[PDB]
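K.L.:
Using the UniProt record's numbering, you'd call the opening residue of the sequence shown number 3 and step up by one each time. Just so it is clear, CB atoms sit at the ideal spot from N, CA and C, and this is done for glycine as well. Shown below is the structure under consideration.
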Amino acid sequence: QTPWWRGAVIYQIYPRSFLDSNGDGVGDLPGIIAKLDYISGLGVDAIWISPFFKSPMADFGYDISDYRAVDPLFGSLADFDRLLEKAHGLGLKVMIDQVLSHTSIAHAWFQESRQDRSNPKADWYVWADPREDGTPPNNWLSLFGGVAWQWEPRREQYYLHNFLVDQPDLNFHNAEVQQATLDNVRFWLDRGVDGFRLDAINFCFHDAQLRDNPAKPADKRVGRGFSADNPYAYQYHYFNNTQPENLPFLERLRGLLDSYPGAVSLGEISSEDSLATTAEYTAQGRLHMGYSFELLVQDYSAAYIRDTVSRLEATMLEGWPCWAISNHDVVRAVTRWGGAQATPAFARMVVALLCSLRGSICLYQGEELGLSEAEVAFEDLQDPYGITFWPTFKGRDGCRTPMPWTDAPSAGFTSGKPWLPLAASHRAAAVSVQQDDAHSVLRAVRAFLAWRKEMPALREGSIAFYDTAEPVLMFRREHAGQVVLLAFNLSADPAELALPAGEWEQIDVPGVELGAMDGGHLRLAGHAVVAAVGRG
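Okay, structure coming up:
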């Protein structure tokens, strides 16, 4: 039969900001354990927990100092084991982040490597002599600001960091690094985890020749996790990441995962051509799925969504797609796509729109509540990315403010002072509030997900788009003789178009505004959805 992850809805938890269970203002693993009943009650198929491993928190967990340990800020390894058991009991699968491409500077491996050029781990990180004039070896810049090379006086060499100075890149050309990486993944597989979200998976290998990246003209610059005005955008990223040698390494990773039937891999993939790289990385015998930033950016239109999903479908044959519209790195889609005054109708519509595309789905904590982006004041800024680029890019704190459980000042998230302040917008839309109003976003999302559970064409079916003029996105999902037409109004204004050829019958789609089809014409209010079945 078809794997559990094919079409699954994955709930991304950002642990720092989900539920604080001991009053220090920072979410923790016992808070997740306490809300596993709520998450299961959403109707999602799995959770993905962002990093909770031992970390100085310079990149809030993505700088890992011990790959096999839980940071005391979040709890203990025993806490994680209990979380696994409880989630499996409710029928949830549990995926965790794996950050394979770089470590914290505080990692024992880097503390050893950096000491001299001769120690047993000297070649485990990406070390390079200065140029003859003392400067970094090439023109690579960090995504998070400044050059990608940091001086180490103990070696009279630079080390590479694509991300923060505190995140030195591992040298995957080294066989011992590849083996140690696989062994760490095996450790978590041996605790029973169901899979892994693979952070920055195309960054594992760099070009050993250290070739300069070519310049990219201003009219070609396109941001994916970075602004087109970030200096990083001024280069074609051909040599600092996405190297051919990563392909046999993925095949090693997959071989390991094959030894644990049911374990799944989901790569985070952002490259010069993210869709093409996703297709290559999910070819047979490599990663099971990948997601990219293509639906995580400003572009929002029927033309854009149709063209993006169509190009991936044409490019990716053997892989299974995975789509997301919000996560811990981007402005929440409700605000990013809906604007400053996005209505709850828009929130419910965009979640149904996401879950009606072909592929597995990542749902970020709070999308089920329809939450808006927070406004983080300068004095509250935590994310180094935002501190570096303030004020033209304000960083990622706006989507990392705490989950609103109740409408109290602390929103039930913490008994102390939260590490980031609650958006005021959020406590008016808290879980405890939406849990009562039967017209809330939360109840509509649960209804849509339970409705989707009974529609195999939405979960496994193929997809085919109609060439519609703006603002309607219309397509077919098809599985097992069943065919399902869906039409979404992406605008807040009413719209009308001719129903496509064939014999179609309207079925009600819970949770979203209902548009009407009469004879051969469809007319949808703002952010309305028509779902029909093909009777013929």
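Give the straight-line distance between the Cα atoms of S261 and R350, rounded to the nearest whole angstrom.
P.N.:
Those two C-alpha atoms are separated by around 39 Å.
K.L.:
With a Cβ-Cβ cutoff of 8 Å, do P404 and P420 count as a contact?
P.N.:
The answer is yes: Cβ separation under 8 Å.
K.L.:
Just tell me which of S358, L371, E315 has its CA closest to the CA of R334.
P.N.:
Residue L371 is the option with its Cα nearest to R334.
K.L.:
With a Cβ-Cβ cutoff of 8 Å, do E315 and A285 count as a contact?
P.N.:
Not closer than 8 Å, so no.
K.L.:
Sort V266, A518, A230 by Cα distance to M97 and report the nearest one.
P.N.:
Of the listed residues, the one whose Cα sits closest to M97 is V266.
K.L.:
Pull up the distance between the alpha-carbon of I41 and that of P17, whole angstroms please.
P.N.:
Straight-line Cα distance between these residues: approximately 13 Å.
K.L.:
Can you have a look at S229 and say buried or exposed, based on whether 16 or more other CB atoms are within 10 angstroms of its CB?
P.N.:
With fewer than 16 other Cβ atoms within 10 Å, it is exposed.
K.L.:
Less than 8 Å between the CB atoms is what I'm expecting for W6 and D61, so what's the real figure, rounded?
P.N.:
Incorrect: roughly 31 Å between the Cβ atoms, too far for contact.
K.L.:
Taking all protein chains shown into account, decide if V224 is buried (16 or more other Cβ within 10 angstroms of its Cβ) or exposed.
P.N.:
Exposed, because fewer than 16 other Cβ atoms sit within 10 Å of the Cβ of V224.
K.L.:
Determine the contact status of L162 and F146, defining contact as a CB-CB distance below 8 Å.
P.N.:
The answer is no: Cβ separation not under 8 Å.
K.L.:
With 16 as the cutoff for other CB atoms within 10 Å, does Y238 come out buried or exposed?
P.N.:
The residue is exposed, with fewer than 16 neighbouring Cβ atoms inside 10 Å.
K.L.:
Is the distance from the Cβ of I327 to the Cβ of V352 below 8 Å?
P.N.:
Yes, the Cβ-Cβ distance between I327 and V352 is below 8 Å.
K.L.:
If you run the structure through DSSP and keep just helix, strand and coil, what is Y161?
P.N.:
It is a strand residue.
K.L.:
Once the 5 residues before and after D68 are set aside, which same chain residues still bring their CB inside 6 Å of it?
P.N.:
The answer, listed in chain order, is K56.
K.L.:
What distance in whole Å lies between the Cβ atoms of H104 and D171, which are believed to be in contact at a cut-off of 8 Å?
P.N.:
Indeed, because the Cβ distance is near 5 Å, the residues count as touching under 8 Å.
K.L.:
Identify, in the order they occur along the chain, each residue of the same chain with its Cβ nearer than 8 Å to the Cβ of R537, setting aside the five sequence neighbours on each side.
P.N.:
Taken in chain order, the residues that qualify are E505, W506, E507.
K.L.:
Within its chain, find whatever has a CB closer than 7 Å to the CB of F477; leave out the 5 residues flanking it on each side and keep chain order.
P.N.:
Only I465, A466, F467, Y468, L488 meet the Cβ criterion.
K.L.:
According to DSSP, what are the bridge partners of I51?
P.N.:
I51 pairs with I15, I98.
K.L.:
Contact defined as beta carbons within less than 8 Å: I believe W126 pairs with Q159. What is the distance between those atoms, to the nearest angstrom?
P.N.:
Not a contact, Cβ separation roughly 13 Å.
K.L.:
Rounding to the nearest angstrom, what Cα-Cα distance links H441 and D382 in this structure?
P.N.:
Cα to Cα, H441 sits roughly 34 Å from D382.
K.L.:
Going by the CB atoms, is the gap between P219 and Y240 shorter than 8 Å?
P.N.:
No.
K.L.:
Counting only the same chain and skipping the five closest in sequence on each side, list residues whose C-beta sits under 6 Å from that of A449.
P.N.:
Hits under 6 Å: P512, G513.
K.L.:
Report buried or exposed for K455, applying the criterion of at least 16 other Cβ atoms within 10 angstroms of its Cβ.
P.N.:
That one is exposed.
K.L.:
Buried or exposed: which applies to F380, given that a residue is buried once 16 or more other Cβ atoms fall within 10 Å of its Cβ?
P.N.:
Exposed, because fewer than 16 other Cβ atoms sit within 10 Å of the Cβ of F380.
K.L.:
So, is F189 buried or exposed, given that buried needs 16 or more other C-beta atoms within 10 angstroms?
P.N.:
Counting Cβ neighbours within 10 Å, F189 comes out exposed, since fewer than 16 surround it.
K.L.:
May I ask which residues mark the beginning and end of the alpha helix (DSSP H) holding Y306?
P.N.:
Taken as a continuous stretch (DSSP letters only), the alpha helix (DSSP H) holding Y306 covers 304 to 317.
K.L.:
Within its chain, find whatever has a CB closer than 7 Å to the CB of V11; leave out the 5 residues flanking it on each side and keep chain order.
P.N.:
Once the five neighbours on either side are set aside, the close Cβ partners of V11 are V46, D47, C357, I363, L365, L451.
K.L.:
Which first and last residues belong to the alpha helix (DSSP H) in which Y387 is found?
P.N.:
Element bounds for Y387: 386 to 391.
K.L.:
Short of 8 Å in beta carbon distance, which residues of its chain neighbour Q367, apart from the five on each side in sequence? Order them along the chain.
P.N.:
Contacts found: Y13, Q14, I15, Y16, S19, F20, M405.
K.L.:
What would DSSP say about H428, mapped onto helix, strand or coil?
P.N.:
Here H428 sits in helix by DSSP.
K.L.:
Give the list of continuous beta strand (DSSP E) stretches no shorter than 3 residues that lie fully inside the region 236 to 301.
P.N.:
Correct list: 266 to 270, 291 to 293.
K.L.:
How should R360 be labelled, buried or exposed, when 16 other C-beta atoms within 10 angstroms of its C-beta is the threshold for buried?
P.N.:
Buried, because 16 or more other Cβ atoms sit within 10 Å of the Cβ of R360.
K.L.:
For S434, name the three-state secondary structure that DSSP assigns.
P.N.:
Reduced to three states, the DSSP call for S434 is helix.
K.L.:
Is it the case that the region 171 to 185 contacts the region 77 to 95, given that we only count it when at least three CB pairs across the two stretches are under 8 Å?
P.N.:
In short, these stretches do not touch, since the Cβ pair count stays below three.
K.L.:
Please tell me whether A459 and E480 are closer than 8 Å, where the distance is taken between their beta carbons.
P.N.:
Contact: yes.
K.L.:
On the DSSP bridge list, what partners appear for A217?
P.N.:
Answer is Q237.
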